[PDB]
Amino acid sequence: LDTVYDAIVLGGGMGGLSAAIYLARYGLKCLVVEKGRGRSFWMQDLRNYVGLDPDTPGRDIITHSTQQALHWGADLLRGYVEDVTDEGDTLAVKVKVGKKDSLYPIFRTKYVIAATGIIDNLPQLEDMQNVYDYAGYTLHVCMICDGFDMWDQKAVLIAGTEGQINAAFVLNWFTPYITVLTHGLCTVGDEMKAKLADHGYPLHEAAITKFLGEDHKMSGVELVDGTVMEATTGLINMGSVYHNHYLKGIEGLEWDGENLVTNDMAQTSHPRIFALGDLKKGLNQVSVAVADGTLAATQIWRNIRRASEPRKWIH
Amino acid sequence: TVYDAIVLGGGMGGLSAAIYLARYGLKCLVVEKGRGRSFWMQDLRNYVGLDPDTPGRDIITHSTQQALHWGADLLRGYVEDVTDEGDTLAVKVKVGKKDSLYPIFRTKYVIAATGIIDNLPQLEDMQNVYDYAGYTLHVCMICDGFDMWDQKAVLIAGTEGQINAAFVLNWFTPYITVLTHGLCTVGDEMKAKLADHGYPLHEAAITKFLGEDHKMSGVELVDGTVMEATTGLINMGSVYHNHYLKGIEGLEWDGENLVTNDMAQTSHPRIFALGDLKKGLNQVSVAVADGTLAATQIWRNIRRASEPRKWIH
Ligand SMILES: Cc1cc2nc3c(=O)[nH]c(=O)nc-3n(C[C@H](O)[C@H](O)[C@H](O)COP(=O)(O)OP(=O)(O)OC[C@H]3O[C@@H](n4cnc5c(N)ncnc54)[C@H](O)[C@@H]3O)c2cc1C
Ligand SMILES: Cc1cc2nc3c(=O)[nH]c(=O)nc-3n(C[C@H](O)[C@H](O)[C@H](O)COP(=O)(O)OP(=O)(O)OC[C@H]3O[C@@H](n4cnc5c(N)ncnc54)[C@H](O)[C@@H]3O)c2cc1C
Ligand SMILES: Cc1cc2nc3c(=O)[nH]c(=O)nc-3n(C[C@H](O)[C@H](O)[C@H](O)COP(=O)(O)OP(=O)(O)OC[C@H]3O[C@@H](n4cnc5c(N)ncnc54)[C@H](O)[C@@H]3O)c2cc1C
Ligand SMILES: Cc1cc2nc3c(=O)[nH]c(=O)nc-3n(C[C@H](O)[C@H](O)[C@H](O)COP(=O)(O)OP(=O)(O)OC[C@H]3O[C@@H](n4cnc5c(N)ncnc54)[C@H](O)[C@@H]3O)c2cc1C
């Protein structure tokens, strides 16, 4: 009944587990809520993170850091965050527990760390397994992450909107051999079609029917209109769904598009809510998310420490 | 002939920057002197993905190999000076310890990632300190506070500002004894505050750390004082490895730290600063992320000034 957590970490991914590790090692009472199978879970090769081999899967990191978090004293709840509500001095966090016959317990806490990230939109094919066979292997979702591994390859840019097609003029740094596929989504305007033609990047607007290859290595793409092309890699640039629905009930949050605006310690405009990694305005990388968790946990500790009574040595 | 970026220091922040720079297709040089602060870290306690007993030296070997794998160049040397040539910077490196040469490299950008090194109490034989420093004698409260919880500890602090750490360390344990190691006499006001909190104060120089297998058991002072303690925190300041910036104009400082923006960029346009050199928390995670942001800003600068790569048909 009375039990109030010092902080509840929403999402047990890269940024969340870092925050959880620090929170527990600051002697604070914290809870991690993880639904499972998040974005980092679909990462097959973490390419650019100090200390880890460049073929480490995200799932192995999640397993490692979850055990570490528990080892230091964090609590873990496997469930789905539904809503966060403001009770003034504390926040209330409702969690869906159980996929079938679910229970919706409510937890109270001094602080919330929003670390639930995003999930990339994928092209909808008749059988999504054809996409999963390559997505995260040779079909990439993050240019910073895998650009080097695409160098001078024949690539496809899968982009739904005119703003998403503009990535071709950054991706060309890594390879000029870009073919744009709209997957039959928004029609391309004349001004953009002329720019692509001026750069030499072919454009195909027919819906994609199948990705060709074997052993997770792309070899080509086929469209509904019979078009067939050769390509050994690609970039998905179709936007993302943001895992921030539980914040509907919170007032006073400041946004930059779909991203939360945070200060240097990853604090939102709401004094008791922090936001990490892919949810916040800034670069979307593992290293950046882990550091956000470090700073958020440290700011929370500083708040709680400075409001507590000094621990004196009684003689 | 001209590097896209030169990374000064091949530690936590520098090797991250080098990894990203190389994977951005940029020509970058890492200058590493060897045996830095992270080299003396025995257990990285709080870093996502790594076991909490991982030594810093093992990380350096791993990430240096990765940096080289992606195409970064490595020079084993000592950065001596950085000069501003306008469109580029010149970086002089001492190569060779006994018979040295001073080659000069030019670059569009410099990443200052040479960190700091903690001051240690000077004993007759420094090995007595090294036996415990980084094991049970800590230099970073955030790093090892949890591992000190409710233990009898010593705070080794030279100045009144350094003694003030006792009023943050008390969060982890109230059983703090302050040792000034005979460096600065403590004022009456601070003596009264320590007494009110119950933290004993000893001002005599330390002679020996007691214990076995890197596990502290006590401390002995020159005046014969002996005490029991299983851990401690060194708070005697640090030497900053930023001497090579003496000639540069337009840099902003906060104390000994360089002031940087969100992409770890210093007030000078072509100089970035990472990790322990910059104002902010001193952690591995923070340093690694700084290297990510610096490398990404440099790439954006160079990319946006380059000509688009077109597909010729
Ligand atoms: C590069 C990449 C590769 C991918 N590869 C694959 C793949 O190979 N196979 C695959 O399946 N997917 C893959 N995905 C993910 C896929 O695209 C979909 O996003 C995913 O299948 C959605 O899962 P879901 O429908 O369960 O949605 P979720 O949002 O995970 O769940 C939907 C609902 O389930 C309930 N729920 C979820 N978790 C819990 C819980 N712990 N407790 C209680 N209730 C819960 C909630 O009501 C929730 O709203 C990949 C994604 C990417 C970006
Ligand atoms: C294929 C692929 C490869 C990549 N490669 C790299 C790389 O090489 N280098 C790099 O820096 N970055 C890479 N990234 C991106 C990187 O994974 C993200 O930037 C990083 O994971 C962000 O961390 P985060 O903690 O913000 O989000 P995540 O790590 O995704 O963590 C969020 C967690 O929250 C959980 N969650 C979501 N909603 C709810 C809810 N309602 N309730 C409870 N839990 C919830 C999710 O299941 C997930 O586990 C890659 C991404 C992909 C898809
Ligand atoms: C917690 C902790 C534990 C420690 N434990 C130990 C220990 O167990 N053993 C130990 O020895 N030290 C240890 N140290 C480090 C110690 O305190 C001193 O900082 C160290 O001995 C200084 O080395 P140095 O005199 O070579 O100084 P440096 O600054 O490393 O070198 C001094 C000079 O050498 C030249 N030089 C250095 N490197 C190069 C190069 N690659 N090429 C050309 N010239 C170069 C330059 O002119 C430079 O100015 C520890 C430090 C800490 C914080
Ligand atoms: C004993 C100990 C335990 C620690 N434990 C933790 C922990 O558990 N968690 C945590 O987050 N942090 C810990 N830290 C702190 C952590 O090591 C630093 O925050 C981190 O190393 C900062 O990275 P950096 O790249 O800024 O500095 P460094 O990692 O020190 O990198 C700087 C590099 O520059 C080189 N260099 C210096 N001067 C020159 C020059 N003139 N020319 C060429 N090269 C030069 C150095 O040799 C070094 O390799 C610990 C520190 C110590 C001493």
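Here Cβ is always computed from backbone atoms with ideal geometry, including for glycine, and neighbour counts include all displayed protein chains. No value in this document is a laboratory result; all are computed from the given coordinates.
Some values worked out for this structure:
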quantity	calculated
Inter-chain shielding of A:48-60 (mean C-beta neighbours from other protein chains, 10 Å cut-off)	6
Segment B:162-255: mean projected area of Cα convex hull, nm²	9.0
Net charge over other residues, Cβ less than 14 angstrom from the Cβ of A:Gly257 (K, R count +1; D, E count -1)	-2
Test item: B:14-25 mean partner chain Cβ contacts at 10 Å	4
Average beta-carbon neighbours from other chains, 10 Å sphere, peptide B:279-289	6
Order of A:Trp301, A:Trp313 under a 10 Å beta carbon neighbour criterion, fewest first	A:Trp313, A:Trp301
Stokes-Einstein diffusion coefficient of segment B:189-313, Kirkwood radius over Cα pairs, 10 °C, 1.306 mPa s, in µm²/s	82
Cα gyration tensor of segment A:1-62 - equivalent ellipsoid semi-axes, whole Å, descending	27, 14, 6
Orientation-averaged projected area, Cα convex hull of segment A:48-147 (nm²)	10.0
Bridge type composition, segment A:95-221 - antiparallel percent by DSSP, nearest 5	40
Cβ-based net charge around B:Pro103, under 13 Å, with every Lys or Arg adding one and every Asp or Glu removing one	+1
14 Å beta-carbon shell around A:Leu185, net charge (K/R +1, D/E -1)	-2
Inter-label distance, nm, simple model (7 Å from Cα along the C-beta direction), A:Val4/A:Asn263	2.1
Cα-based shape type of segment A:62-110, given that a ≥ b ≥ c are square roots of the gyration tensor eigenvalues and the cut on a/c is 1.5	oblate
Shape of chain B, Cα gyration tensor, a/c cut at 1.5	prolate
The protein assembly as shown - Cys residues lacking any other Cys C-beta under 4.7 Å	A:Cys30, A:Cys186, B:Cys28, B:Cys184
A:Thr209, A:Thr233, B:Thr61 arranged by Cβ crowding within 10 Å, fewest neighbours leading	B:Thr61, A:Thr209, A:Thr233
A:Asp83, A:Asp2 arranged by Cβ crowding within 10 Å, fewest neighbours leading	A:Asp2, A:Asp83
Cα gyration tensor of the protein assembly as shown - equivalent ellipsoid semi-axes, whole Å, descending	46, 32, 20
Selection of GluC sites (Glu not before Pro), segment B:181-250, meeting DSSP coil and at most 13 other Cβ within 10 Å	B:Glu249
Residues whose placed amide H lies under 5 Å from that of B:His138, excluding near-sequence neighbours	B:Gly232, B:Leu233, B:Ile234
